[PDB]
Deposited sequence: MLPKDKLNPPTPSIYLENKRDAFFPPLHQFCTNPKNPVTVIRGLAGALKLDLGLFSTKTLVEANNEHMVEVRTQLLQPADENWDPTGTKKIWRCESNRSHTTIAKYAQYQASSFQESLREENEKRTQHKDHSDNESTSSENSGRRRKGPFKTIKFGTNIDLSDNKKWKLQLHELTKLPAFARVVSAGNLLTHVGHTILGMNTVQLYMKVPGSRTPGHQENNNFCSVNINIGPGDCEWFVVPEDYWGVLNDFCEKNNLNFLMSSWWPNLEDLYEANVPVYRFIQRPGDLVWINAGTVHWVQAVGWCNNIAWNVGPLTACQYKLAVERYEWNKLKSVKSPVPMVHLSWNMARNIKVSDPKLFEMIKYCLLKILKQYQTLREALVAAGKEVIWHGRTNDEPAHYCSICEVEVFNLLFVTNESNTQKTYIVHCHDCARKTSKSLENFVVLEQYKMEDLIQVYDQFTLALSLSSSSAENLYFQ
């Protein structure tokens, strides 16, 4: 169909007025738009993209760590097996480390070498992609992070309307910025964002990137291709065959992101990306306060448990922080959060009563304010409020956390464990009771 290659939802910005215009964030967060490309964003805001140029990064922090992914230079939009006889989904990539200075040399010499070649089915060249460069330290990247505060509020790393701001602690690469340094053919394999949170990506240039996007409600189709072809959807590297997708009637959005264009990946959108030239990119996540974002984040949280995959966003901890500190005026969002909190509260009361009925002591432990969420040291599930810690770890004050299930499996009557309580039931009951719909006259 004509419907399988739809146009890209695109906003064309000329000036600051266009950037701060409220219908912009409404357009981005609209679930009908799986991706929005905000063209001319850097130029409209007079953002200095030079602060993220390779030359400036080397000057700034030359020994800064870079995760290198070594990949094959594949033709156009295809992915061929090593031999060059068939198109396959699987893509191979080894990981190593280098520094900004060393990767910069490679990026620069790669460009010089292509100029020289320009003046002179397999097999494929090997290229290196500089990935996951951690721009979290404000003392190392002061000017860079300050430049990003010039964005409109809805797209910033930190803002009142961002769920990831309400988490109350750092989640690396989600509420901190990551940088990517690229050469032609540097590929980002197919994926969804952590816990289906929206992402913001700005191309620093000077080259272009080519994006491929499938709406969230088709992710189950791609999951099936992965299972059929012996791939883990969440954990393997794969590059979809567009003819497979065409055949299965999956619509594919496809577009070029030029320097200074911002790409908004909406909640749960499946996407993959390749550099067309030499460029850098910066990216982070944002969680808009919408029913759709919250719903998709909870669904993925629950799906991750089934797949034994850690959720980077602690949705229980987050949901309590929303109830404590956010006046929520959307009826559909409010009812989702309320329902979730009730589930948490009931499950916690059931467990706590079973412990007390078995004669197991619950130790008041409290909590430092701003203390991060805890995860089970064995299975990596989020553990809320009741923490299971071995007698020895308790004595040593290391407080290594287990979930109830993992503690039970280790020690059948919990004889090896103490149960630590970080919040009184009465306090949580009140936060729940005092969490009510705020009236708003807007839509």
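For this chain, the deposited residues without C-alpha positions form the stretches 1 to 3, 124 to 146, 470 to 478, given in sequence order.
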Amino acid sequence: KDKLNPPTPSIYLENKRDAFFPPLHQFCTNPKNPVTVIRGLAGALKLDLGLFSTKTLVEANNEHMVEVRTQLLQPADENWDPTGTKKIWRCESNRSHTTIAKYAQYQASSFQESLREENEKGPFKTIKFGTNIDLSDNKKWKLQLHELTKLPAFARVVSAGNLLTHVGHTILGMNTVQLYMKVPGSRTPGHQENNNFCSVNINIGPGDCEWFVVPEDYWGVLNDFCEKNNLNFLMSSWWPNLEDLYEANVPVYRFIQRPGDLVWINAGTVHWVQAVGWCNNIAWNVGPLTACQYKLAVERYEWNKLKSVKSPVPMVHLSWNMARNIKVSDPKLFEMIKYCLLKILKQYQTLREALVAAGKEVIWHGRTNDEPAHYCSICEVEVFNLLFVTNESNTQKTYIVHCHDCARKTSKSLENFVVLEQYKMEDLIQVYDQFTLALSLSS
From here on, numbers count along this sequence of modelled residues.
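Stretches compared: 294 to 302, 109 to 117. Higher mean C-alpha B-factor in the entry: 109 to 117.
Stretch comparison (392 to 400 versus 414 to 422) by mean CA B-factor in the PDB entry places 392 to 400 on top. Comparing the listed residues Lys332, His317, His97, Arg254, the entry records the largest Cα B-factor for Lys332. Ranking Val276, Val356, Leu163, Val158 by Cα temperature factor from the entry places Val356 first. Among all modelled residues in its chain, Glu193 ranks in the lowest third by Cα B-factor.
When the modelled residues of the chain are ordered by C-alpha B-factor, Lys102 sits in the middle third. Annotation for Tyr348: CA B-factor lies in the middle third of the chain's modelled residues. Among all modelled residues in its chain, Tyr180 ranks in the lowest third by Cα B-factor.
Ranked against the other modelled residues of its chain, the C-alpha B-factor of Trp219 as given in the entry falls in the middle third.
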